[PDB]
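Novice: Here you go, one structure.
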Amino acid sequence: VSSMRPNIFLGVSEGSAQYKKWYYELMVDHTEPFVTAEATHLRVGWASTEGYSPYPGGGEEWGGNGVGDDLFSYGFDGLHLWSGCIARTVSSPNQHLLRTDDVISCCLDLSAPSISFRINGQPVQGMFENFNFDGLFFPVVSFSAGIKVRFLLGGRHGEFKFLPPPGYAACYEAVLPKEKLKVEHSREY
Amino acid sequence: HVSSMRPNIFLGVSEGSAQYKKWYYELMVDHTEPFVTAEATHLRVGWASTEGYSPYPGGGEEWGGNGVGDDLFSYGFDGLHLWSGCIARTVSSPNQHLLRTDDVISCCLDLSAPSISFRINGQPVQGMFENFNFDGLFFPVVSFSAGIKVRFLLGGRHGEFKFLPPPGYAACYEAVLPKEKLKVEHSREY
């Protein structure tokens with residue numbers, strides 16, 4: 001499984017009076033038809049830097065693993081929410097596994113805290129809430145071979161298809177000052 | 001304009017056993033564009049240190065994905081020049097040229113010297129990096145403009161070298177953390 005993420009890192013510093021509600025969308029451009037359902041993986045959501053792999057000297061690195069396959073990430077696959085390698089079904093209109101032209105809205109509310117999703121503008125009935133966190137969250141997607149997706153982070157270069165829920169800010173605005181917005185892709189060698 | 005790639009191989013000094021202090025990999029250039037006037041190209045390969053990561057709140061540190069040699073924590077070669085701190089140092093080699101299709105660049109990191117040196121199509125590049133501080137962990141890295149296609153040859157089954165590493169050098173592939181899978185990360189402007 002491959003993974004992609006932008007360089008957008010969201011957290012709370014107590015007393016900083018930060019913006020705490022963040023929104024982005026993912027558009028699915030292509031999935032592979034001629035592959036089996038067990039060989040297909042497409043999940044989108046959020047992950048925490050607390051899930052990084054440790055290195056000598058206190059270093060920590062993103063592992064690029066499947067969204068929801070650990071205790072520090074939270075994914076949606078169209079039918080299910082994933083966390084801790086466990087899937088749970090959630091309802092949405094016309095619910096289906098993620099496919100070409102789906103637009104997934106991803107919501108992170110660090111004041112709750114909560115994570116929720118929309119599919120093609122419509123609420124997904126089921127959320128993650130009151131999870132403990134100790135790190136920074138980033139948008140993330142994981143996918144099997146040949147799948148093509150794009151982050152829509154807001155603004156001229158990734159316009160949202162849907163209006164964010166009240167109180168939510170566009171993820172592109174959270175880039176660190178002086179850094180350029182970039183997308184990182186991880187794949188097995 | 002410029003993208004960057006790296007494997008998850010991190011090389012550094014420790015107080016433990018250190019049979020291998022000299023590390024080697026190759027980069028194969030699969031495609032560069034022939035000469036065109038409407039665009040300038042960029043292709044640099046070498047090494048970077050985690051000390052060049054960008055700091056984030058809470059002590060986080062992230063790879064910036066910037067051009068190799070565009071800061072004081074990375075060390076790049078482009079066929080004609082070595083780059084560090086955004087400055088180019090002219091070096092020489094036989095049959096000299098900016099990197100092009102089918103070039104194989106050897107990259108060498110010697111943590112005992114310390115030094116970073118290069119070969120091009122098997123021949124030594126005359127001019128190396130030597131009088132640098134080498135704090136942090138080093139990783140192979142490449143930076144390139146759009147449409148350029150390159151591959152790391154790190155050693156191991158999936159990336160055999162075209163040339164023998166110089167005496168005393170070990171393949172980067174051997175330094176993967178034992179619980180990690182070998183992956184390549186690609187950074188691109190959004």
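Residues are named by chain letter and number: chains run A, B, ... in the order of the structure tokens, numbers start at 1 in each chain, and ligands are numbered from 1 in the order shown.
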If you run DSSP on this backbone, which residues of stretch 36-144 of chain A come out as strand (DSSP E), and could you give them as a ChimeraX atom specification?
Specialist: /A:42-48,53-55,59-61,73-76,80-83,86-89,103-109,114-119,122-123,128-129,137-143
Novice: Excluding residue A:4 and its own-chain neighbours fewer than 4 positions away, which residues fall within 6 Å of it when counting only C-alpha atoms? Please give them as a PyMOL selection string.
Specialist: chain A and resi 140-141+184-185
Novice: With a cut-off of 9 Å, could you pull out the residues of chain B touching chain A and give me the nearest pair of atoms for each, distance in Å to one decimal, using only C-alpha atoms, ordered by chain and ascending number, as a Markdown table?
Specialist:
```
| residue | atom | partner | partner_atom | distance |
| --- | --- | --- | --- | --- |
| B:7 | CA | A:189 | CA | 7.9 |
| B:8 | CA | A:61 | CA | 8.7 |
| B:10 | CA | A:55 | CA | 8.5 |
| B:12 | CA | A:56 | CA | 8.8 |
| B:14 | CA | A:56 | CA | 8.7 |
| B:50 | CA | A:59 | CA | 8.4 |
| B:54 | CA | A:179 | CA | 8.7 |
| B:56 | CA | A:176 | CA | 8.1 |
| B:57 | CA | A:13 | CA | 8.0 |
| B:58 | CA | A:135 | CA | 7.4 |
| B:60 | CA | A:49 | CA | 8.1 |
| B:61 | CA | A:60 | CA | 8.0 |
| B:62 | CA | A:61 | CA | 8.2 |
| B:64 | CA | A:179 | CA | 8.2 |
| B:65 | CA | A:182 | CA | 8.3 |
| B:136 | CA | A:57 | CA | 8.4 |
| B:137 | CA | A:56 | CA | 8.6 |
| B:158 | CA | A:189 | CA | 7.6 |
| B:159 | CA | A:189 | CA | 8.8 |
| B:177 | CA | A:55 | CA | 8.4 |
| B:180 | CA | A:63 | CA | 8.1 |
| B:181 | CA | A:188 | CA | 7.2 |
| B:182 | CA | A:189 | CA | 5.6 |
| B:183 | CA | A:188 | CA | 4.1 |
| B:184 | CA | A:187 | CA | 5.5 |
| B:185 | CA | A:186 | CA | 4.4 |
| B:186 | CA | A:185 | CA | 5.0 |
| B:187 | CA | A:184 | CA | 4.4 |
| B:188 | CA | A:182 | CA | 5.4 |
| B:189 | CA | A:182 | CA | 4.3 |
| B:190 | CA | A:182 | CA | 4.7 |
```
Novice: Keeping only N, CA and C atoms, write the selected residues as a PDB file, in the first residue's frame.
Specialist:
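In the end it all went to part34.pdb:
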```pdb
ATOM      1  N   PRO B   7      14.976   7.275  -0.220  1.00  0.00           N
ATOM      2  CA  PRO B   7      14.587   6.068   0.508  1.00  0.00           C
ATOM      3  C   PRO B   7      14.640   6.322   2.012  1.00  0.00           C
ATOM      4  N   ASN B   8      14.018   5.410   2.772  1.00  0.00           N
ATOM      5  CA  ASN B   8      14.065   5.480   4.240  1.00  0.00           C
ATOM      6  C   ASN B   8      15.296   4.735   4.772  1.00  0.00           C
ATOM      7  N   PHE B  10      18.793   5.733   6.897  1.00  0.00           N
ATOM      8  CA  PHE B  10      19.333   6.818   7.712  1.00  0.00           C
ATOM      9  C   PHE B  10      20.634   6.342   8.332  1.00  0.00           C
ATOM     10  N   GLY B  12      24.331   7.026  10.316  1.00  0.00           N
ATOM     11  CA  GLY B  12      24.964   7.929  11.249  1.00  0.00           C
ATOM     12  C   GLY B  12      25.972   7.214  12.107  1.00  0.00           C
ATOM     13  N   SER B  14      27.498   6.101  15.772  1.00  0.00           N
ATOM     14  CA  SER B  14      27.083   5.700  17.108  1.00  0.00           C
ATOM     15  C   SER B  14      28.295   5.256  17.907  1.00  0.00           C
ATOM     16  N   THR B  50      19.272  14.814   8.547  1.00  0.00           N
ATOM     17  CA  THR B  50      18.071  15.154   9.304  1.00  0.00           C
ATOM     18  C   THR B  50      18.198  16.465  10.080  1.00  0.00           C
ATOM     19  N   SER B  54      12.704  20.763   8.905  1.00  0.00           N
ATOM     20  CA  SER B  54      11.992  21.957   9.367  1.00  0.00           C
ATOM     21  C   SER B  54      11.361  21.665  10.723  1.00  0.00           C
ATOM     22  N   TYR B  56       8.717  21.897  13.864  1.00  0.00           N
ATOM     23  CA  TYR B  56       7.290  22.077  14.060  1.00  0.00           C
ATOM     24  C   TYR B  56       7.004  22.187  15.547  1.00  0.00           C
ATOM     25  N   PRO B  57       5.857  22.763  15.909  1.00  0.00           N
ATOM     26  CA  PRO B  57       5.480  22.830  17.323  1.00  0.00           C
ATOM     27  C   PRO B  57       5.543  21.457  17.963  1.00  0.00           C
ATOM     28  N   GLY B  58       5.876  21.441  19.250  1.00  0.00           N
ATOM     29  CA  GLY B  58       5.938  20.216  20.004  1.00  0.00           C
ATOM     30  C   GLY B  58       7.179  19.394  19.776  1.00  0.00           C
ATOM     31  N   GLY B  60       8.404  18.608  16.742  1.00  0.00           N
ATOM     32  CA  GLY B  60       8.398  17.879  15.492  1.00  0.00           C
ATOM     33  C   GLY B  60       9.462  18.395  14.549  1.00  0.00           C
ATOM     34  N   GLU B  61       9.871  17.529  13.622  1.00  0.00           N
ATOM     35  CA  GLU B  61      10.863  17.858  12.602  1.00  0.00           C
ATOM     36  C   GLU B  61      10.448  17.124  11.337  1.00  0.00           C
ATOM     37  N   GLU B  62      10.443  17.815  10.198  1.00  0.00           N
ATOM     38  CA  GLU B  62       9.985  17.199   8.962  1.00  0.00           C
ATOM     39  C   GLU B  62      10.960  17.459   7.821  1.00  0.00           C
ATOM     40  N   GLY B  64      12.042  18.597   4.364  1.00  0.00           N
ATOM     41  CA  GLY B  64      11.531  19.700   3.572  1.00  0.00           C
ATOM     42  C   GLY B  64      11.371  19.413   2.096  1.00  0.00           C
ATOM     43  N   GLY B  65      12.024  18.378   1.590  1.00  0.00           N
ATOM     44  CA  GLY B  65      11.909  18.056   0.187  1.00  0.00           C
ATOM     45  C   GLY B  65      12.464  19.078  -0.772  1.00  0.00           C
ATOM     46  N   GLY B 136      23.796  14.629  12.738  1.00  0.00           N
ATOM     47  CA  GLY B 136      22.539  14.068  12.292  1.00  0.00           C
ATOM     48  C   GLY B 136      22.678  12.765  11.543  1.00  0.00           C
ATOM     49  N   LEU B 137      21.541  12.293  11.047  1.00  0.00           N
ATOM     50  CA  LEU B 137      21.523  11.081  10.242  1.00  0.00           C
ATOM     51  C   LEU B 137      21.406  11.468   8.773  1.00  0.00           C
ATOM     52  N   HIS B 158      16.310  -5.818  -5.313  1.00  0.00           N
ATOM     53  CA  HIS B 158      15.574  -4.963  -6.229  1.00  0.00           C
ATOM     54  C   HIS B 158      16.390  -3.786  -6.761  1.00  0.00           C
ATOM     55  N   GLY B 159      17.656  -3.630  -6.358  1.00  0.00           N
ATOM     56  CA  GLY B 159      18.441  -2.521  -6.868  1.00  0.00           C
ATOM     57  C   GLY B 159      19.931  -2.757  -6.931  1.00  0.00           C
ATOM     58  N   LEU B 177      16.324  -0.044   8.878  1.00  0.00           N
ATOM     59  CA  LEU B 177      15.956  -0.503  10.213  1.00  0.00           C
ATOM     60  C   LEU B 177      15.279  -1.868  10.083  1.00  0.00           C
ATOM     61  N   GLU B 180      11.473  -1.966   9.726  1.00  0.00           N
ATOM     62  CA  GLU B 180      10.907  -1.137   8.675  1.00  0.00           C
ATOM     63  C   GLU B 180      11.022  -1.816   7.319  1.00  0.00           C
ATOM     64  N   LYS B 181      10.055  -1.516   6.456  1.00  0.00           N
ATOM     65  CA  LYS B 181      10.094  -1.901   5.056  1.00  0.00           C
ATOM     66  C   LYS B 181      10.770  -0.777   4.269  1.00  0.00           C
ATOM     67  N   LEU B 182      11.505  -1.156   3.221  1.00  0.00           N
ATOM     68  CA  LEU B 182      12.200  -0.186   2.375  1.00  0.00           C
ATOM     69  C   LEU B 182      11.193   0.508   1.475  1.00  0.00           C
ATOM     70  N   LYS B 183      11.090   1.822   1.623  1.00  0.00           N
ATOM     71  CA  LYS B 183      10.156   2.629   0.862  1.00  0.00           C
ATOM     72  C   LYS B 183      10.870   3.843   0.294  1.00  0.00           C
ATOM     73  N   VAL B 184      10.329   4.350  -0.802  1.00  0.00           N
ATOM     74  CA  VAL B 184      10.807   5.590  -1.410  1.00  0.00           C
ATOM     75  C   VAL B 184       9.723   6.642  -1.232  1.00  0.00           C
ATOM     76  N   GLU B 185      10.136   7.808  -0.760  1.00  0.00           N
ATOM     77  CA  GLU B 185       9.279   8.966  -0.589  1.00  0.00           C
ATOM     78  C   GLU B 185       9.564   9.974  -1.688  1.00  0.00           C
ATOM     79  N   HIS B 186       8.493  10.515  -2.262  1.00  0.00           N
ATOM     80  CA  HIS B 186       8.562  11.508  -3.331  1.00  0.00           C
ATOM     81  C   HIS B 186       7.803  12.742  -2.884  1.00  0.00           C
ATOM     82  N   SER B 187       8.466  13.893  -2.902  1.00  0.00           N
ATOM     83  CA  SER B 187       7.885  15.170  -2.525  1.00  0.00           C
ATOM     84  C   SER B 187       7.728  16.009  -3.782  1.00  0.00           C
ATOM     85  N   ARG B 188       6.577  16.663  -3.910  1.00  0.00           N
ATOM     86  CA  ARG B 188       6.262  17.479  -5.074  1.00  0.00           C
ATOM     87  C   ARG B 188       5.501  18.705  -4.598  1.00  0.00           C
ATOM     88  N   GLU B 189       5.688  19.834  -5.281  1.00  0.00           N
ATOM     89  CA  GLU B 189       4.925  21.025  -4.935  1.00  0.00           C
ATOM     90  C   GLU B 189       3.456  20.785  -5.266  1.00  0.00           C
ATOM     91  N   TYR B 190       2.576  21.305  -4.418  1.00  0.00           N
ATOM     92  CA  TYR B 190       1.139  21.091  -4.575  1.00  0.00           C
ATOM     93  C   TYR B 190       0.524  21.996  -5.640  1.00  0.00           C
TER      94      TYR B 190
END
```
Novice: Atom CA of residue A:119 to atom CA of residue A:52: how many Å, to one decimal?
Specialist: 28.4 Å
Novice: May I have the residues within 6 Å of stretch 101-108 of chain B as a compact mmCIF listing (two decimals) with C-alpha atoms, in the first residue's frame, using only C-alpha atoms and disregarding those fewer than 2 positions away in the same chain?
Specialist:
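Output below, filename out_25.txt:
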```txt
# COMPACT_ATOMS: atom_id res chain seq x y z
CA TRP B 23 28.20 3.89 2.53
CA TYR B 24 27.40 3.64 -1.18
CA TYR B 25 24.47 3.83 -3.53
CA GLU B 26 23.84 4.57 -7.18
CA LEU B 27 21.28 6.64 -9.05
CA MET B 28 20.25 5.71 -12.57
CA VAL B 29 18.87 8.44 -14.81
CA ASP B 30 16.11 6.85 -16.87
CA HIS B 31 15.08 9.95 -18.78
CA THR B 32 15.96 13.60 -19.13
CA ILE B 116 31.07 12.86 0.49
CA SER B 117 32.32 11.97 -3.00
CA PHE B 118 30.92 10.90 -6.34
CA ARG B 119 31.61 8.79 -9.39
CA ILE B 120 29.96 9.20 -12.77
CA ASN B 121 29.62 6.16 -15.04
```
Novice: What does the distance from atom CA of residue B:5 to atom CA of residue B:49 come to in Å, to one decimal?
Specialist: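 Taking atom CA of residue B:5 as the start and atom CA of residue B:49 as the end point, the length is 14.0 Å.
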Novice: Using Å and a single decimal, report how far atom CA of residue B:140 sits from atom CA of residue B:45.
Specialist: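 Distance between the two atoms: 8.0 Å.
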Novice: Using only C-alpha atoms, determine which residues lie at most 9 Å from residue A:27, disregarding the query and same-chain residues fewer than 4 positions distant; provide the list as a PDB file with C-alpha atoms, in the first residue's frame.
Specialist:
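Output saved as result35.pdb:
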```pdb
ATOM      1  CA  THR A 100     -13.813   7.272  -9.234  1.00  0.00           C
ATOM      2  CA  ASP A 101     -15.283  10.779  -8.843  1.00  0.00           C
ATOM      3  CA  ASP A 102     -16.110  10.386  -5.139  1.00  0.00           C
ATOM      4  CA  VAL A 103     -15.263  13.479  -3.126  1.00  0.00           C
ATOM      5  CA  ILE A 104     -14.576  12.682   0.525  1.00  0.00           C
ATOM      6  CA  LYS A 148      -5.028   8.036  -8.403  1.00  0.00           C
ATOM      7  CA  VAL A 149      -6.310  10.625  -5.939  1.00  0.00           C
ATOM      8  CA  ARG A 150      -5.899  14.343  -5.322  1.00  0.00           C
ATOM      9  CA  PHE A 151      -6.085  16.424  -2.156  1.00  0.00           C
ATOM     10  CA  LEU A 152      -8.318  19.496  -2.392  1.00  0.00           C
TER      11      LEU A 152
END
```
Novice: From the DSSP assignment of the backbone, select every residue of stretch 22-181 of chain A that is helix (DSSP H, G or I), and format the answer as a ChimeraX atom specification.
Specialist: /A:49-51,56-58,171-174
Novice: Would you list the contacts of residue A:86 as a VMD selection string, taking every protein, DNA or RNA residue within 12 Å and counting only C-alpha atoms, but skipping same-chain residues closer than 4 positions in sequence?
Specialist: chain A and resid 66 to 71 73 to 76 80 to 82
Novice: Those same residues - C-alpha atoms - I'd like them written as an mmCIF file, in the first residue's frame.
Specialist:
```
data_model
loop_
_atom_site.group_PDB
_atom_site.id
_atom_site.type_symbol
_atom_site.label_atom_id
_atom_site.label_comp_id
_atom_site.auth_asym_id
_atom_site.auth_seq_id
_atom_site.Cartn_x
_atom_site.Cartn_y
_atom_site.Cartn_z
ATOM 1 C CA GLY A 66 -2.447 2.189 5.785
ATOM 2 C CA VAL A 67 -4.783 4.779 7.279
ATOM 3 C CA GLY A 68 -6.427 3.208 10.310
ATOM 4 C CA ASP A 69 -3.979 0.287 10.565
ATOM 5 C CA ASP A 70 -2.586 1.556 13.866
ATOM 6 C CA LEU A 71 -3.800 3.323 16.988
ATOM 7 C CA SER A 73 -4.762 7.088 12.427
ATOM 8 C CA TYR A 74 -8.408 7.277 11.421
ATOM 9 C CA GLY A 75 -9.689 6.331 7.975
ATOM 10 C CA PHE A 76 -12.839 6.029 5.894
ATOM 11 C CA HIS A 80 -16.419 1.693 7.122
ATOM 12 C CA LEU A 81 -14.392 3.696 9.578
ATOM 13 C CA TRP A 82 -10.962 2.239 10.357
#
```
Novice: Name all residues at most 7 Å from stretch 121-132 of chain A (count only C-alpha atoms; drop same-chain ones fewer than 2 positions away) and give them as JSON, numbers by chain.
Specialist: {"A": [90, 91, 92, 112, 113, 114, 115, 116, 117, 118, 119, 134, 162]}
Novice: Output C-alpha atoms for every residue in that selection, as a PDB file, in the first residue's frame.
Specialist:
```
ATOM      1  CA  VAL A  90     -21.154   3.540   8.925  1.00  0.00           C
ATOM      2  CA  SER A  91     -24.191   4.683   6.986  1.00  0.00           C
ATOM      3  CA  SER A  92     -24.350   7.198   4.167  1.00  0.00           C
ATOM      4  CA  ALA A 112     -14.013  18.064  20.845  1.00  0.00           C
ATOM      5  CA  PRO A 113     -11.896  16.209  19.743  1.00  0.00           C
ATOM      6  CA  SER A 114     -13.623  14.544  16.830  1.00  0.00           C
ATOM      7  CA  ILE A 115     -13.118  13.262  13.284  1.00  0.00           C
ATOM      8  CA  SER A 116     -15.990  12.999  10.842  1.00  0.00           C
ATOM      9  CA  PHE A 117     -16.550  12.530   7.108  1.00  0.00           C
ATOM     10  CA  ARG A 118     -18.873  13.467   4.315  1.00  0.00           C
ATOM     11  CA  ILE A 119     -19.261  11.650   1.017  1.00  0.00           C
ATOM     12  CA  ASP A 134      -0.301  13.519  21.710  1.00  0.00           C
ATOM     13  CA  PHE A 162     -18.526  21.620  -0.966  1.00  0.00           C
TER      14      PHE A 162
END
```
Novice: Just want the 8 Å neighbourhood of residue B:52, counted on only C-alpha atoms, with same-chain residues fewer than 6 positions away dropped. Output as a list in words.
Specialist: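 Result of the neighbour search: residues 63, 64, 71, 72, 73 and 74 of chain B.
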Novice: Go through B:13, B:19, B:86, B:67 and flag the residue nearest residue B:145, using only C-alpha atoms for the distances.
Specialist: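 For residue B:145, the nearest of the given residues is B:67.
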